[PDB]
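Residues per chain, in single letters:
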Amino acid sequence: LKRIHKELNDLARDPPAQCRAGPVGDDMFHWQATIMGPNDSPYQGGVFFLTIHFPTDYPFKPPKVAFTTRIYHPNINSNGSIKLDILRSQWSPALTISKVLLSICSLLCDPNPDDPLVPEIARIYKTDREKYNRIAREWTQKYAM
Amino acid sequence: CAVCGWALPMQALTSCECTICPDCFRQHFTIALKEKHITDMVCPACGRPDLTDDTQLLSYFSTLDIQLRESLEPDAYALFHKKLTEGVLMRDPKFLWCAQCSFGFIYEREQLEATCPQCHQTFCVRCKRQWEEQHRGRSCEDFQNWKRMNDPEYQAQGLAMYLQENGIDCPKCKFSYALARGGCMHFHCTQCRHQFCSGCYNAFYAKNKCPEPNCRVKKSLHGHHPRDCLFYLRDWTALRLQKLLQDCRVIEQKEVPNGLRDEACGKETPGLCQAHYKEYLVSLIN
Amino acid sequence: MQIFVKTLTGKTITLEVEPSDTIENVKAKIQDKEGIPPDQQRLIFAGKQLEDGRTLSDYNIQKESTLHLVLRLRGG
Amino acid sequence: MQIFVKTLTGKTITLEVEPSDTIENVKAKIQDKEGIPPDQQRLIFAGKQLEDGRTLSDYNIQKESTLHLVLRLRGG
Ligand SMILES: [Zn+2]
Ligand SMILES: [Zn+2]
Ligand SMILES: [Zn+2]
Ligand SMILES: [Zn+2]
Ligand SMILES: [Zn+2]
Ligand SMILES: [Zn+2]
Ligand SMILES: [Zn+2]
Ligand SMILES: [Zn+2]
């Protein structure tokens, strides 16, 4: 709990400013976050919502992070689960939710089609980037407002 | 002789007393022990007593006994005794042959554990198999399962095949795990910290780390794959996948706020879901 | 009169008997020589079970005859 | 009752169990002795996957039986 408080204070003191995150209610271990679609990505102009659940032993195990807004992405499934190394096997207690949000924003701007969670989206991204952009834009308009 | 036609100077045998010469007396009975069985220890000429039944008529054998004693070579005269007494031993008692040695004994008990007077080894009277205490108070087919399941090499293969179906062996350090489904292609070996693919076993590299030359997207998170890999064939729909080979309740480990817990897929099945049924056909191509 | 007794082990013993000896007496002689209690002994001759109250002569058991000894094995 | 658990490394451990012990209980004992979290443990007996809610006696696991331990991995 002390670590989560320290992270909240850091976030609020030095607002990341593409993103926001904080406790939903009185449970400090459950947070909601927002990420603004990166500029010049198909997601531009969208605001995307995420849920963050910290484990009891944080920071020694990673938070569980999921999108609650639908998004068309090689690394993000319909359930909003994210393929990002630091969220799983590359986590370290030196990592912070601010850094995680930054990494997810980077991921939105620069997908990794080679390590996809959604095979068909990965295929379209690789084979017809323009089609991918068009569909990602449609989904942003559809579910991101 | 009746059978070979002499008339010279013993064969006082029941219902008859025909004459028989001693050369062919031996031979008839020597054959009838070493080939035929006890019922056939009869006069050759008359063919009479009927040795299906009568016990006092088996006084007949007492009289035979002396005749065969000297005429028959002891090899076959032994067989007369062996056959005759072993006959009645195997006539419905609680008689057992020992399950390991050649001895026997009349086992008159209300018990299954039975140790042999001679070789002093124990066995189940019913399954006639060596007695370990596992058997104690268990039915025979029960204990005999235990044996079979518990024997190594069965275990060795029952495992080996389990890892055939459900395994996943880190390509670097070669450590064998058991695949927990629900996860993705890009794995992390918990022993040596390597990263790799489920299908091809080729490695994964983080940003600015891919060494293999002619790599175009070194900047990104990625790994190199063959044409063969599930990676590439996962992008094909059921439709195309099917004809190559011509020519939902699967258990995923799923994370909850306080740990991981196994649960079925739950996905709509077009009896496997879209993705899982694709994995089905991919595996068969290799 | 002498007779033989052979067990499934193949061991053969020689008894000194008389034709008037009961089967009980013969089991007692086997006990003397072999240590096997009479209650554990089944004797057979020419496939016939020899019963305790009868004699050797009842069963036409002559000189040099061979009896077969089979143990009866008894729990508590 | 004592049973054995062997891993692919070849290391064998001895557990003190009772036939009524659940598979969950057995994984907890392995955690105690080996430090491996239950969520990372797959136990096999005679090729059968042992499921958490069942007991040793459900699988006919007797004294001196050998279980196989395989670690679990999920992709990332
Ligand atoms: Zn003749
Ligand atoms: Zn005749
Ligand atoms: Zn024996
Ligand atoms: Zn048995
Ligand atoms: Zn490894
Ligand atoms: Zn590369
Ligand atoms: Zn691959
Ligand atoms: Zn499925």
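Residues numbered from 1 in each chain as written, not as in the entry; some residues may be left out. Chains lettered and ligands numbered in written order. Heavy atoms only, no water.

- Header annotation of the entry names X-ray crystallography as the structure determination method and lists the resolution as 3.48 Å.

**Side note on helix 1 (residues 22–34) of chain B**
- The end-to-end C-alpha distance of helix 1 of chain B is 18 Å, a good match for the 18 Å that 13 residues give at a rise of 1.5 Å each.
- Residues of helix 1 of chain B that are buried: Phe25, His28, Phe29, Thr30, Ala32 and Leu33 of chain B. (Helix = DSSP H or I, 4+ residues; strand = E, 2+ residues; numbered from the N terminus. Expected span 1.5 Å × (residues − 1). Buried < 20%, exposed > 50% of the residue type's maximum accessible area, 1.4 Å probe, protein only.)

**Remarks on the interface of chain D and chain B**
- Counting residues at the interface gives 23 residues for chain D and 33 residues for chain B.
- A combined buried area of about 2,800 Å² lies between chain D and chain B, and 54% of that area is made up of carbon and sulfur atoms.
- It is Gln62, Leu73 and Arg74 of chain D in chain D that bury the most area against chain B; as a group they hold 28% of the surface buried on that side.
- Applying the counting criterion to the chain D and chain B interface returns two salt bridges. (Contact = heavy atoms within 4.5 Å. Buried area = accessible area lost by both parts, 1.4 Å probe. Salt bridge = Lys/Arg side-chain N within 4 Å of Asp/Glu carboxyl O.)

**Considerations on the coordination of the zinc ion (ligand 4)**
Residues and elements named next belong to chain B.
- Around the zinc ion (ligand 4), the donor atoms from the protein are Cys124 (SG), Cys127 (SG), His135 (NE2) and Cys140 (SG), and they sit 2.1 to 2.3 Å away.
- What the four donor atoms of the zinc ion (ligand 4) show is an angle range of 99 to 122° at the metal, which sorts the shape as tetrahedral.
- Read in sequence order, the donor residues coordinating the zinc ion (ligand 4) give the pattern C-x2-C-x7-H-x4-C. With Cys124 in strand 4 (residues 122–124) and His135 in the loop between strand 4 and helix 4 (140–150), the pair connects residues that are eleven residues apart, well separated along the chain.
- Residue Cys124 is classed as buried on the basis of its relative accessible area, which comes to 0%. (Donors = N, O, S within 2.8 Å, 3.2 Å for Na, K, Ca; no water. Tetrahedral: all angles 85-135°; square planar, octahedral: opposite > 155°, others 65-115°.)

**Notes on the coordination of the zinc ion (ligand 1)**
- Around the zinc ion (ligand 1), the donor atoms from the protein are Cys1 of chain B (SG), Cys4 of chain B (SG), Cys21 of chain B (SG) and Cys24 of chain B (SG), and they sit 2.3 to 2.4 Å away.
- Residue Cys21 of chain B is classed as buried on the basis of its relative accessible area of 16%.

**A few points about the pattern of salt bridges**
Residue and element names in this part refer to chain B.
- Counted according to the given criterion, the structure contains 18 salt bridges over all chains.
- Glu279 is paired through a salt bridge with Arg181; the nearest N and O atoms lie 2.8 Å apart.
- Salt bridges linked by common partners bring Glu113, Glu133 and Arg136 together as one network.

**Structural notes on unusual backbone geometry**
Residue and element names in this part refer to chain B.
- One non-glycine residue, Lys174, lies in the positive phi region at around 65°.
- Note that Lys174 resides in the loop between strand 5 (167–169) and strand 6 (176–179).
- For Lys174, a relative accessible area of 60% gives the class exposed.

**Quick notes on the packing of aromatic side chains**
- Taken as a whole and judged by the stated rule, the model has 21 aromatic pairs over all chains.
- Aromatic ring contacts, followed pair by pair, group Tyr72, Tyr125, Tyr132, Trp139 and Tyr143 of chain A into a single cluster.
- Its guanidinium or amino end placed over the ring of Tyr154 of chain B, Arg148 of chain B lies 5.1 Å from that ring's centre, counting from NZ or CZ.
- Cation over ring: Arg240 of chain B sits above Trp236 of chain B, and NZ or CZ is 4.9 Å from the ring centre. (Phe/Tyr/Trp six-rings, centres within 6.5 Å; stacked < 30°, edge-to-face > 60°. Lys NZ or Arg CZ within 6 Å of the ring centre and 35° of its normal.)

**Side note on the arrangement of the chains**
- Contacts between protein chains span four pairs of chains, and they are most numerous for chains B and D.
- As for chain C relative to chain A, no contact occurs, and the smallest C-alpha gap between them is 65 Å.
- At no point do chain C and chain D touch; the closest pair of C-alpha atoms across them sits 28 Å apart.

**Considerations on the pairing of strand 10 (residues 259–264) of chain B**
Residue and element names in this part refer to chain B.
- Two elements, strand 9 (residues 251–256) and strand 10, share six bridges in a ladder whose sense is antiparallel. If you follow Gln253 over to strand 10, its bridge partner there is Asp262.
- Between strand 9 and strand 10, which pair antiparallel and follow one another directly, the connecting turn spans two residues. (Pairing = 2+ DSSP bridges.)

**Notes on the sheet that holds strand 4 (residues 64–67) of chain A**
Residues and elements named next belong to chain A.
- A sheet is described by the order of its strands in space; here four strands give the open sequence 1-2-3-4, paired in antiparallel fashion. Edge strands, defined here as strands with exactly one partner in the open sheet, are strand 1 (19–23) and strand 4. Mean inter-strand twist for the sheet, computed between neighbouring axes without regard to direction, equals 20°.
- Inspection of the sheet shows strand 1 paired to strand 2 (residues 30–36) by five bridges, in the antiparallel sense. Looking across to strand 2, one finds that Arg20 is bridged to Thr34.
- Relative to the sheet, helix 3 (residues 97–109) contacts strand 1, strand 2, strand 3 (47–53) and strand 4, its axis offset from that of strand 2 by approximately 35°. (Axes fitted to C-alpha atoms, helices over the stretch in contact; angles between N-to-C directions.)

**Re the UniProt feature "binding site: Zn(2+) 2" in chain B**
Residue and element names in this part refer to chain B.
- As annotated by UniProt and renumbered to match this structure, "binding site: Zn(2+) 2" occupies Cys16, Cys18, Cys43 and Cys46. A compact arrangement is adopted by the annotated residues: their sequence extent is 31 residues, whereas the largest C-alpha distance between any two is 8.3 Å.
- Residue position: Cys43 is located in the loop between helix 1 and helix 2 (59–71).
- The exposure class assigned to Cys43 is buried, which follows from its relative accessible area of 7%.
- Not counting the four nearest positions on each side in its chain, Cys43 is found in contact with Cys16, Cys18, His28, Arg48 and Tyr60.
- Relative to the assigned elements, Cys46 resides in the loop between helix 1 and helix 2. (UniProt positions renumbered as here; feature names shortened; annotations may be inferred.)

**Some thoughts on the nonpolar core**
- Grouped together as the largest cluster of nonpolar side chains are 52 residues, with contacts concentrated most on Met41, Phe61, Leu64 and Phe105 of chain B together with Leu43 and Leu67 of chain C.
- Shared between two domains, this core takes at least three residues from each, and those domains are domain 1 (1–93) and domain 2 (94–151) of chain B. (Core = buried A, V, L, I, M, F, W, Y, C linked by side-chain atoms within 4.5 Å. Domains from an automatic or database assignment.)

**Observations concerning a nonpolar patch on the surface**
Residue and element names in this part refer to chain B.
- Together, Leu245, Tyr277, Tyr280 and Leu284 make up a nonpolar patch on the protein surface, roughly 380 Å² of accessible area in all.
- Counting residues per element, the nonpolar patch draws most heavily on helix 8 (residues 274–285), which supplies three residues.
- Looking at the secondary structure, you find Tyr277 in helix 8. (Patch = residues over 30% accessible without salt bridge, like charges linked within 9 Å, V, L, I, M, F, W, Y side chains within 5 Å. Areas by Shrake-Rupley, 256 points an atom, 1.4 Å probe, with all protein chains shown as cover.)

**A few points about the layout of surface pockets**
- Its volume calculated, the second largest pocket comes out at about 450 Å³.
- Considering the residues around the second largest pocket, the lining is formed by 24 residues, among which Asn112 of chain A together with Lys207, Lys219, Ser220 and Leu221 of chain B are closest to the centre.
- When residues of the lining of the second largest pocket are traced back to their parent elements, those giving at least two are helix 2 (85–88) and helix 3 of chain A.
- Looking at the lining of the second largest pocket, the element that brings in the most residues is helix 3 of chain A, giving four residues. (1 Å grid on protein atoms, 1.4 Å probe; cavity = no way out; pocket = protein on both sides within 12 Å on 5 of 7 lines; lining within 4 Å. Points joined across faces, edges and corners; volume = space filled by probe spheres on them.)

**Structural notes on the environment of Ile44 of chain D**
- Here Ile44 of chain D shows up in strand 3 (residues 41–45).
- For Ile44 of chain D, a relative accessible area of 2% translates into the label buried.
- Taking the C-alpha atoms as reference points, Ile44 of chain D and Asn60 of chain D, 16 residues apart in sequence, are found 13 Å from one another.
- Setting aside residues up to four positions removed in sequence, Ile44 of chain D forms contacts with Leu159 and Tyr162 of chain B together with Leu50, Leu67, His68 and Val70 of chain D.

**Side note on the domain arrangement of chain B**
Residue and element names in this part refer to chain B.
- By domain assignment, chain B separates into domain 1 (1–93), domain 2 (94–151) and domain 3 (152–286).
- Distance from the C-alpha centre of domain 2 to the C-alpha centre of domain 3: 50 Å.
- Counting residues at the interface gives four residues for domain 2, matched by four residues for domain 3.
- Roughly 350 Å² of surface becomes buried between domain 2 and domain 3 when both sides are summed, with 44% attributable to carbon and sulfur atoms.
- Applying the counting criterion to the domain 2 and domain 3 interface returns three residue pairs in polar contact.
- Of the residues contributing to the side of domain 2 that touches domain 3, the split by class is one nonpolar, one polar and two charged. (Polar contact = N/O pair within 3.5 Å; in protein donor to acceptor, adjacent residues only side chain to side chain. Nonpolar A, V, L, I, M, F, W, Y, C, P; charged D, E, K, R; others polar.)

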